[PDB]
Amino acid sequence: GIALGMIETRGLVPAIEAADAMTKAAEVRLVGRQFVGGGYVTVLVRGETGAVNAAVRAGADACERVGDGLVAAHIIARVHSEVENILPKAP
């Protein structure tokens, strides 16, 4: 599956719980954890459409109350192939 799920948080601790809740929620693979600058952290997962939708909803609910909380939660079920050049394949 090539659908993409993304959760952005303030700090690394909410991000690490988001990643746990996502990967326990459905069959998805964790491809990236990016320190964006100025406090933001983003975790990326790939999998099938049904799986990525459940994973992102679970991560969003689990990290909102942790540390400085949630920034963004977002799905793109089929990115353009051009966007693959800025998406990591391994953490």
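Residue numbers here begin at 1 and follow the sequence given.
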Out of 3-11 and 82-90, which stretch has the higher average CA B-factor listed in the record? 82-90
Higher-B stretch (mean Cα B-factor, as the entry records it), 43-51 or 59-67: 59-67
Using the B-factor values recorded in the entry, state whether the Cα atom of residue 18 falls in the lowest, middle or highest third among the modelled residues of its chain. lowest
Please place residue 25 in the lowest, middle or highest third of its chain according to the CA B-factor in the PDB entry. highest
